[PDB]
Structures are given as C-alpha cells and as structure tokens.
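J.:
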Amino acid sequence: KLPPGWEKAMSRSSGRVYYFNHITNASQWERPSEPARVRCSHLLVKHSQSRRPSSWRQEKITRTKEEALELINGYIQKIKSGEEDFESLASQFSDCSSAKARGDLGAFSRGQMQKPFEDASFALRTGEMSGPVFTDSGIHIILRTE
Ligand SMILES: O=C(O[C@@H]1Cc2c(O)cc(O)cc2O[C@@H]1c1cc(O)c(O)c(O)c1)c1cc(O)c(O)c(O)c1
Ligand SMILES: O=C(O[C@@H]1Cc2c(O)cc(O)cc2O[C@@H]1c1cc(O)c(O)c(O)c1)c1cc(O)c(O)c(O)c1
Numbered sequence: 006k007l008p009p010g011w012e013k014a015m016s017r018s019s020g021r022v023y024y025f026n027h028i029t030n031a032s033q034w035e036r037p038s051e052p053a054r055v056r057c058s059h060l061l062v063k064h065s066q067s068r069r070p071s072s073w074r075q076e077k078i079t080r081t082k083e084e085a086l087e088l089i090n091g092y093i094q095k096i097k098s099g100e101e102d103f104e105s106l107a108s109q110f111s112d113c114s115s116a117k118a119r120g121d122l123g124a125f126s127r128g129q130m131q132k133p134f135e136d137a138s139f140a141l142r143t144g145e146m147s148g149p150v151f152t153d154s155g156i157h158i159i160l161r162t163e
C-alpha cells in the first residue's frame, strides 16, 4: 500500500510504471518510501490572478497562470537534474519574501497555511519535494525540510 496521495501510473512515452501524488503533484519513477508540525521551504511564482499580484521582485505581476506554470516547471527540471539547488532558485526567483531565507518558512502546524499548501506539506516526507501546488497566492514548489 502506497503512502497518502500516491498512485501508480504508466508512462505514455516509455510504457514504464511511475508514481504520482495527487496531493503534492510529485511524480517519480521510484516507488515512494502524521507529525503535529513540519518545516518547509517554498518557491512561489505569482501570476496576474494571485490574491496580491505583487511581490518584492516585481511591483506588479502581469504574467499569466500559464506563464507562471512554465516557469515553475523549468525550476523543477533544474532542481531535479541537480543543475541548481532548490535554495538557489528560491533566493533568486521566488515571489515570496521567504526568498531572503532561501525559501524557508519555518515550522507550522495544520490550520495556518492555505489549505492546498498545507495538505501538500503534510503529505511530503522529510527531504521530499512537491510538484506545482496551486493556492490563491500562485504556484508553489514545496520542500519539506523537517
Ligand atoms: O499523451 C502523451 O503526452 C502527454 C501530452 C504531452 C505533450 O503534448 C507535450 C509534451 O512535451 C509532453 C506531454 O506529455 C503528456 C504525458 C502524459 C502522461 O500521463 C505520460 O505518462 C506521458 O509520458 C506524457 C504521449 C502519448 C504517447 O503515446 C507518447 O508516445 C508520448 O511520447 C506522449
Ligand atoms: O514588500 C513586502 O513587505 C513590505 C516591506 C517590508 C520590508 O521591505 C522589510 C521587512 O522586514 C518587512 C516588510 O513588510 C512590508 C509588508 C507590507 C504589507 O502590506 C504586508 O501585508 C506585509 O506582509 C509586509 C513583501 C513582499 C513579498 O513578496 C512578500 O512575500 C512579503 O511577505 C512582503
């Protein structure tokens, strides 16, 4: 039995099975391996429909949801290939002020964060990273650190 959110799927290009998580939007070839609090970092990319279309990076955020998702997807690719660390990309590109702490949000319990972010955070095991996670803030890559 796979951990919460995890399902088995089949690659359309290769035919090999892989696993994906409908809570975190994580996807991976490898078969995957609750606390009161978790600690996470996150890289946020805002779009024009974000609850506040503004950040420390850009006074007015005009990119579309679709453009934001492409950016998030490129960052996940660089992180997964090891070309860049999550921390480096968060510091340079995240629209959240936690960028200045390499994305770190510190520790939190259920009841504090936006719900899709929270659910993703608590479905990650320590060390694991989400796929694109959508909230009223924009699109997040989430990394569970504790
Ligand atoms: O539906 C296929 O792709 C989906 C749409 C799509 C696209 O439009 C452009 C692109 O860059 C990637 C891409 O990934 C999609 C996709 C979805 C899956 O669930 C999947 O397992 C996969 O390998 C891929 C598909 C079917 C195929 O039969 C196939 O041989 C293939 O290589 C791909
Ligand atoms: O401009 C942002 O903060 C404002 C300026 C600022 C600063 O220069 C240094 C500092 O120590 C704190 C600080 O608080 C300001 C602030 C203003 C608000 O109206 C607000 O709601 C808020 O959370 C905070 C900002 C951008 C962001 O992108 C962001 O994620 C964020 O939380 C905050």
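The sequence shown maps to residues 6 to 38, 51 to 163 in the authors' numbering.
Ideal Cβ placement from N, Cα and C applies to all residues, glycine included.
Can you tell me which of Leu-7, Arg-119, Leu-122 and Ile-89 puts its alpha carbon nearest to the alpha carbon of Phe-151?
T.: Ranking the options by Cα distance to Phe-151, first place goes to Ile-89.
J.: From the DSSP output, in three-state form, read off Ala-85 for me.
T.: Helix, per DSSP.
J.: Residue range of the alpha helix (DSSP H) that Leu-106 falls in?
T.: 103-110 is the extent of the alpha helix (DSSP H) around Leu-106.
J.: Which residues have a Cβ closer than 6 Å to any heavy atom of ligand 2, listed in chain order?
T.: The filter returns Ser-72, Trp-73, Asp-112, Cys-113 and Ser-114, in chain order.
J.: I need the DSSP call for residue 4, collapsed to helix, strand or coil.
T.: Summary: the structure shown does not reach residue 4, with the chain confined to residues 6 through 163, and so no result is reported for it.
J.: For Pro-149, count neighbouring Cβ atoms within 10 angstroms of its own Cβ and tell me buried if that reaches 16, exposed if not.
T.: Result: buried.
J.: Give me the DSSP bridge partner(s) of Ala-14.
T.: Answer by DSSP bridge pairing, in chain order: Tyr-23.
J.: In chain order, what residues of the same chain have a beta carbon less than 7 Å from the beta carbon of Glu-83, not counting five sequence neighbours either side?
T.: No residues qualify anywhere along the chain.
J.: Taking 8 Å as the threshold (C-beta atoms), are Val-55 and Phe-139 in contact?
T.: Yes; because the gap between Cβ atoms is below 8 Å, this pair is in contact.
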